[PDB]
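A.B. asks: part one of the complex, left exactly where it sits:
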Amino acid sequence: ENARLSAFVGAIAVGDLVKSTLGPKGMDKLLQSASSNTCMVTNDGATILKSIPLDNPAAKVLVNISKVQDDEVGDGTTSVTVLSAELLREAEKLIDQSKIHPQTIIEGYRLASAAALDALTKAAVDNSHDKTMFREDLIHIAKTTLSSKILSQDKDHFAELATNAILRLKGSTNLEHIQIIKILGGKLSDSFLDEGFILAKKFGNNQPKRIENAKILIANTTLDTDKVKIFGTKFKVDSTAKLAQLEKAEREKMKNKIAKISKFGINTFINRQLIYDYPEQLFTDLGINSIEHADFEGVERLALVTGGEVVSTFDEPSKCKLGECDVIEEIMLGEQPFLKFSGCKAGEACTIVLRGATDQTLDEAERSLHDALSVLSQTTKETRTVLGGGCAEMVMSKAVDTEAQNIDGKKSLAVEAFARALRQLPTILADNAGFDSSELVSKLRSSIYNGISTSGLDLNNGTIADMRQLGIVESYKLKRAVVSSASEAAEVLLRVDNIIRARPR
Amino acid sequence: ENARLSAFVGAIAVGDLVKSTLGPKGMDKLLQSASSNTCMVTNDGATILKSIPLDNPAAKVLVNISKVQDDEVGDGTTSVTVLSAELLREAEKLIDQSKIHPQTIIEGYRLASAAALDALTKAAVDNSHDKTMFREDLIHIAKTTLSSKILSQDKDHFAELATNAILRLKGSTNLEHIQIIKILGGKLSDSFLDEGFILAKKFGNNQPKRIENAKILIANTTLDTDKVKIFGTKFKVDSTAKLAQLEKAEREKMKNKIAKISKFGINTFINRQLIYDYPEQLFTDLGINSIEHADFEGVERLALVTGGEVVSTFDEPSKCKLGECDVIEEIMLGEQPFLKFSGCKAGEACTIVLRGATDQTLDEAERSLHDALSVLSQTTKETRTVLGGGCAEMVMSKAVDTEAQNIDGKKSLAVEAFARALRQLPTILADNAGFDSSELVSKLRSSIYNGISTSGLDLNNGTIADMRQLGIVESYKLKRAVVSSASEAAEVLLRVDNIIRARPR
């Protein structure tokens, strides 16, 4: 039990050190040394935790976790430790009243964290308004990155393709939504923009070049040339022809899995390996298309834009997550076969085709493009804020109460306690600012409980006021960064049942 | 500092002895003496508490609470201390992290108990179904109580008046809703049931005996000749006519009190004392009739049938609780005028007029009628049960959560803390049952939250089942007796800021 107490009582005692320092009106702390003449005073939470020597082996783990927030972003480092300490206060009450492995309680935090992120999205605002001023700055910054790069030949043509490849995304900025197709024997000025998912090495011979209402399924199997290495296995046969009969009997059992493919209502099947002529010929009568050379990367990028999933096995027929594309066009350019996928439901993606004169110009253009798009796409999550002043903090609290309706018997207290920790943020801010936490939070939750609540925490008048009129907002990137860091920080301490005392120095 | 611990934590140890003894499967306690050969084993809660000497001076308060509960009914005495212990256990969080005034917490219980009793009433069932057999047996029971009483002369006519005096109430069965009038010069066989609220005295002289569309207002004041004792005063005046000037000045001030009455638009007034001719003569032009000699019950019972208020003062003009009645008829029987009201809005009551031949028959008939009506009124609180097995305990938590929605900041944590103690009753009952209490109570709240209000916990199968099919019910009178006893016991204990040890007798 002391293993958890050292990670709870020991962490809360250390966590309460920087807890009162949250906010500009928070408390302060002095750091005293042995000689006492080297001391200093500061409000930094990360400095106080790292400077104070602690023989507690559980406290040293929290120090390494806080370093991730500084390197990734570097904002709100103190808020991560304060929120992580409040999660331990509720988790300690769940354990002592249970004495069951916390890993089950950890599963309740993952389901509750999903509802908190969805509640912040609907109420989120942005500074993206008047895109006409932001679009003119986006093309100018991209031309600066093109310096020293071979792409500097024509800045207007290359920056225009990157402009329509960002604002038209309307979604995640990850590079997995941008396909890079590069060919040889072409000019850089001939590059064009395409919204389709483009392959090479066209599939099939007698297969048609036009497919309407195509479905996408991901699977891994080898239907051609099984038994890769036959050396070393004892072969006892009366005739030589019986050797090939064993390979046909193994592929004969695949007919049940092939029959389940037609039951899925799909006209196209994707496989990484090849397919023998007999199972491929049956695909024509059943209307099944066989796509080859899907590799791995292109498989993951296709399932995300089409809303599909990837699996190497069949768990049960008529259960899966499938994508679709309306029109598939097969053309040929640059003396190489190409493929084109279009008509995807809610498809959001783009493809930039760069034509180089050699292999050296292709690798330098692809690496320089990712560095230029990463800086431009960084402003999407930057400057975007949400309504602050305890409002959004309470919105995450009432969103967990929705999950508290349908819940398991033993998972209810795990989810319900997560909402109590979210309400500890206005309690700490009210105590550090010199106000009554019990009076403000009580009136704050009753108003935000059902509907039409713009109210928030007002520290000037010492009461609950509307934050939209005062103009109090906080960044949305800071919201997700602290919640995701505090959720992973609490898992590290709970997943450790026994903590061995560290070697004293 | 230690007074709160002895009144809260110290009171828990007293309730811990009766905590595990609740229920047929509950545990037992041991009472051991110095000789140890006189001991015994029993589950009785009242015996264990009275036998063990208690050095805790705050524990003697709960001793008198169990004695009051035993007078009402000999069942549920153990559950009173257990329910009161859960309210004191949660009082620790009401101090440290709450800081809420204790009386405001007690006032929050009155608002929660009001919704808890109303929630149990709608969900209460009874064996009164097929009232044809139930209503017929009511007159036969009343005839058995007529033994040794002068009412035994005629069983059919006298018991019929007592039967209709109960079911026709449609409300509280207490004798405060029944009026008894003792008169002379008649026979007991001529008595009949009349709801017209007959009283002895008359009112008015030249005023008519019939009033249509009457407005009744109840107030208590002396408008005629205050300071009834004139002995000892000294009147210093220059002339005899100047002495009457002070009395005439009071008559001019009477218009201020009459103006507030005239603005209410009432033709009927209620006064306990008399009224001088001048303020009574002004009521003739306004058509205001004043009733005199209303005693005490006549003041309270008039506000119950007419929907009035018992306050004697006006806190603001044109705001008050007003009643009304269709027709006020004045008749004369037995050489005395009677007052029979007619057309009272939502009036529910009955008045049994006992007409005797002497004073000895009036006192014996009134005392015998109260004993006969007590048996009929007992059938309303007897045999009427509610769904048990965690059902009724969880339903009360839903009504508390309704009040917990709209609440101020001080009582927000007080009302919410009361809902936690309601779920502790099925938790403790599931402790000694050998099953998991945390899983059964959790799944019970989510089921009743949306629909399915009749569900409960099954002790045999350890799951949620229909209480109507299993046939497990608990008396409704027991539910109100425990809540009323716990509300009065916790009202005194929470107000305790210090402990004064009682003097040993």
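C.D. replies: It's in. Numbers count the residues shown, from 1 in each chain, chains lettered A, B, ... in the order given.
A.B. asks: for chain B, what are the nearby residues on the stretch 351-500 of chain A?
C.D. replies: The stretch 351-500 of chain A has residues A:405-407, A:409-410, A:412-413, A:436, A:438-440, A:442-443, A:445-446, A:449-450 near chain B, with proximity defined as Cβ under 8 Å from any Cβ of the partner chain. (C-beta placed from N, C-alpha, C; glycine too.)
A.B. asks: out of these, which are buried?
C.D. replies: Using 16 or more other Cβ atoms under 10 Å in any protein chain shown as the burial test, these include A:407, A:409-410, A:412-413, A:438-440, A:442-443, A:445-446 as buried.
A.B. asks: Who are the contact partners of residue A:220?
C.D. replies: The contact partners of residue A:220, by Cβ atoms under 8 Å, 6 or more residues apart in numbering or on different chains, come to A:271-273, A:312.
A.B. asks: For chain A, identify the residue most remote from the centre.
C.D. replies: residue A:238 (58.3 Å; Cα atoms, centre = their mean).
A.B. asks: and that residue, what does it touch?
C.D. replies: Shown in contact with residue A:238 (Cβ under 8 Å, 6+ apart): no residues.
A.B. asks: can you check residue A:125 too?
C.D. replies: Residue A:125 sits next to A:384-387, A:473 when contact means Cβ under 8 Å, 6+ apart.
A.B. asks: returning to that earlier point: give me the PyMOL select line for the contacts of residue A:220, limited to the buried ones.
C.D. replies: Listed next is the PyMOL selection for buried residues among the contacts of residue A:220, using 16+ other Cβ under 10 Å:
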select buried, chain A and resi 271+272
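A.B. asks: Would you mark the buried spots in stretch A:292-311?
C.D. replies: A:294, A:298-299, A:301-306, A:308, A:310.
A.B. asks: Give me every residue in the stretch 1-150 of chain A lying close to chain B.
C.D. replies: Residues of the stretch 1-150 of chain A lying close to chain B by Cβ under 8 Å from any Cβ are residue A:98.
A.B. asks: In three-state terms, label the residue of the stretch 1-150 of chain A found nearest chain B for me.
C.D. replies: Relative to chain B, the nearest point of the stretch 1-150 of chain A is residue A:98 (7.5 Å; Cβ to the nearest Cβ). In three-state terms, and counting by DSSP: H, G, I helix; E, B strand; the rest coil, residue A:98 is coil.
A.B. asks: And for it, the neighbour number?
C.D. replies: 15 (other Cβ atoms under 10 Å in any protein chain shown).
A.B. asks: now for chain C:
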Amino acid sequence: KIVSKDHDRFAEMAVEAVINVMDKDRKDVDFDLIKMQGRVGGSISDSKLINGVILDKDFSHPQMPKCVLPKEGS
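C.D. replies: One more chain to add, chain C, which I have set with the ones above:
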């Protein structure tokens, strides 16, 4: 572990590695024939299945080419 997101990539690496080091006769795998090497930095998506020794080298002087010539169809 977080690796469970990319697990589909690491699944195909162990299929071809065991077949080469193990023969169907004895059906045994030697621990000395499996070189386990890792470094700090990068990501888990860049892991590739190599059929031979890594032997990290900077090629000494930078003038040396990054590829080995066939030496006239040798």
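A.B. asks: Chain C added, so what about the contacts of residue A:125 now?
C.D. replies: Here residue A:125 is in contact with A:384-387, A:473 (criterion: Cβ under 8 Å, 6+ apart).
A.B. asks: from those residues, which ones fall inside strands?
C.D. replies: A:385-387, A:473 (DSSP state E).
A.B. asks: just those residues now: which is nearest residue A:282?
C.D. replies: residue A:386 (55.2 Å; Cβ to Cβ).
A.B. asks: okay but that closest one is in contact with residue A:124, surely?
C.D. replies: Yes - counting by Cβ atoms under 8 Å, residue A:386 does reach residue A:124; the two are 4.9 Å apart.
A.B. asks: neighbour count winner among the two?
C.D. replies: residue A:386 (20 against 14).
A.B. asks: Show me what that one bridges to in the sheet.
C.D. replies: residue A:474 (DSSP bridges).
A.B. asks: contacting residues for it?
C.D. replies: Counting by Cβ under 8 Å, 6+ apart, residue A:386 has contacts A:120, A:123-125, A:392, A:473-476, A:479.
A.B. asks: give me the element residue A:26 is part of.
C.D. replies: Counting by DSSP states H and E, there is no helix or strand that carries residue A:26.
A.B. asks: Does the residue in chain C that chain B sits nearest to fall in a helix, a strand, or a coil region?
C.D. replies: Sorted by distance to chain B under Cβ to the nearest Cβ, the residues of chain C start with residue C:4, at 29.7 Å. Three-state assignment for residue C:4 (three-state DSSP): helix.
A.B. asks: Number of residues surrounding it?
C.D. replies: Residue C:4: 8 neighbours (other Cβ under 10 Å).
A.B. asks: Any figure for the gap between it and residue A:229?
C.D. replies: Distance of residue C:4 to residue A:229, given as Cβ to Cβ, to the nearest Å: 30 Å.
A.B. asks: of the ones in strands among the contacts of residue A:125, closest to chain C?
C.D. replies: Nearest member of those to chain C, counting by Cβ to the nearest Cβ, is residue A:386, at 27.3 Å.
A.B. asks: List the residues that contact the residue of the stretch 251-400 of chain A found nearest chain B.
C.D. replies: Nearest residue of the stretch 251-400 of chain A to chain B, counting by Cβ to the nearest Cβ: residue A:398, 12.0 Å away. Applying Cβ under 8 Å, 6+ apart to residue A:398 gives the contacts A:119, A:419, A:445, A:448-449.
A.B. asks: List the contacts of residue 54.
C.D. replies: Since you didn't name a chain, this refers to chain A. Counted by Cβ under 8 Å, 6+ apart, residue A:54 has contacts A:14, A:60.
A.B. asks: Can you look at chain C instead?
C.D. replies: C:35, C:37.
A.B. asks: let's bring in chain D now:
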Amino acid sequence: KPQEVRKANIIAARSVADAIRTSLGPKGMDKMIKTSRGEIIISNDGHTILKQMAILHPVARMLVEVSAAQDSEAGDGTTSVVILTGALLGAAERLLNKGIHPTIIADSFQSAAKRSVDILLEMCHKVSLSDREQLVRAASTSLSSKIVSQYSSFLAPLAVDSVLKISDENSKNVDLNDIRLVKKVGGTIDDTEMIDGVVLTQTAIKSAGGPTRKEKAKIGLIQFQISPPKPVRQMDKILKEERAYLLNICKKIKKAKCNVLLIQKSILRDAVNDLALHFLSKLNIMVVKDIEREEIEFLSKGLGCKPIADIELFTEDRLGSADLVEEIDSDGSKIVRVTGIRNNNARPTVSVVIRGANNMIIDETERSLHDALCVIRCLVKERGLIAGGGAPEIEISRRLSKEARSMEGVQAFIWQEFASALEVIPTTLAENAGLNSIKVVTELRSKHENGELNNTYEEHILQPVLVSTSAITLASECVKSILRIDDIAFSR
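C.D. replies: Time to bring in chain D:
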């Protein structure tokens, strides 16, 4: 008990304030402190007491930083700021018992300090620097606390005329570190030379060949030192190597037209070789060696020059400008003076020279004139003057007591306790003078009702307004930094 840890620091802080409280004023009680090294010192100055007290308490050391800024900014009130700091700590003890959070206590001090300044400026008489009769009588009263009295009449215009040249207009903060009091052996108090250009701390070369005087000279700052290398045909071989090394340095000096150069004093090796003085004697280049390391940063500001570490980077633009450079010795001083620098970036930095026979003369005179420059510095940054002795503190407590009803909530009660915390300064002055404590305080509220600032004006007691303003401002930040500490732990 997170607050009880802070309450233990508040009680320990009030014990230090009560010890300094007895030392307020010239009639205050002195404190005897015996250092661990065996040195025995005593004085009534609160800044010197807390400096050698060696306080090991973490919170109590905040008074040392405030007392250091009190003398650096205002220059007066280092003792009174400690009493005012302890007054708010004593009143905060009753505030914690009522359930008041220190944030409201700390935030109310910001509004209370800014309000006390605006009230004080209304009763203060605004004065201008154009009137020289007010500055003479202001600095003359500060010299009445020292043994020198009749000879202090000539020192009054000395400090006034030095500030008026560098005052200009809208100068805001004026650093007095550029004004240095030169202490030399010999002379008298009545003998003083302003030398507005600059004054060094060292003499000139007494050897043969030194010109000791030059007309139209450029004085640079060179941290280097000309010495033979210090990491028997053999005799002449060493001389040819040493003379060539000493000449190569002098070759770039002639091409740079350097009349006067400086050499940093180094006790390790030799400063300037005797052969180097004879080499530059033919070139008519004055040499001044043994320059103190403390004056290196001083000369880098008033002269507008920059230090030259290496001869390779030495240029002409880093030199100075001097019209005439001569050595004038009244008696025994042998000091070099410079006049008419006329630098655009640099300003007229004036160094006051003080002459005296006994050691106790130039010492007590230095501390007396240093406080006189601080009082004049207060009038430059903030105009106006008030009567000292706790007179304005009585009326401020009266106005804030009536205006406390205009507020609402918990903050309204703080204004009532803040008015009582300002009455400790005039009460201590009445206690240390032997007069009855409560009797004199009652006479202050009685007389200040009818009259306004009316007698210390006849007694020539004038306290600058910036001292009373900075005393409240620094105390508001000092008490705030105390209550904001809720705990302390070992950190190393």
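A.B. asks: let's see the contacts of residue A:220 again after adding chain D.
C.D. replies: Applying Cβ under 8 Å, 6+ apart, the residues near residue A:220 are A:271-273, A:312.
A.B. asks: how about a cut-off of 10 Å?
C.D. replies: Each residue near residue A:220 by Cβ atoms under 10 Å, 6 or more residues apart in numbering or on different chains is listed here: A:270-273, A:294, A:299, A:310-313, C:8, C:11-12.
A.B. asks: Can you lay out those residues as TSV showing distance to chain B and secondary structure?
C.D. replies: Formatted as TSV, the contacts of residue A:220 follow (distance: Cβ to the nearest Cβ, whole Å; DSSP: H, G, I helix; E, B strand; the rest coil):
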residue	distance to chain B	secondary structure
A:270	43	strand
A:271	45	coil
A:272	46	coil
A:273	49	coil
A:294	45	coil
A:299	41	helix
A:310	35	coil
A:311	33	coil
A:312	37	coil
A:313	34	coil
C:8	37	helix
C:11	38	helix
C:12	43	coil
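A.B. asks: Could I get the residues you listed in JSON lines, plus columns for distance to chain D?
C.D. replies: Below are the contacts of residue A:220 laid out as JSON lines (distance: Cβ to the nearest Cβ, whole Å):
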{"residue": "A:270", "distance to chain D": "60"}
{"residue": "A:271", "distance to chain D": "62"}
{"residue": "A:272", "distance to chain D": "58"}
{"residue": "A:273", "distance to chain D": "62"}
{"residue": "A:294", "distance to chain D": "57"}
{"residue": "A:299", "distance to chain D": "53"}
{"residue": "A:310", "distance to chain D": "51"}
{"residue": "A:311", "distance to chain D": "53"}
{"residue": "A:312", "distance to chain D": "54"}
{"residue": "A:313", "distance to chain D": "56"}
{"residue": "C:8", "distance to chain D": "48"}
{"residue": "C:11", "distance to chain D": "49"}
{"residue": "C:12", "distance to chain D": "52"}
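A.B. asks: Correct me if wrong: residue A:487 contacts residue A:108.
C.D. replies: No - with contact defined as Cβ atoms under 10 Å, residue A:487 does not count as touching residue A:108 (11.5 Å).
A.B. asks: which neighbours do the two share?
C.D. replies: Residues touching both residue A:487 and residue A:108 by Cβ under 10 Å, 6+ apart: residue A:418.
A.B. asks: These two: who's more crowded?
C.D. replies: Just comparing residue A:487 and residue A:108: by other Cβ under 10 Å the higher neighbour count belongs to residue A:108, 23 against 19.
A.B. asks: what about that one, helix or strand, and which?
C.D. replies: helix A:103-122.
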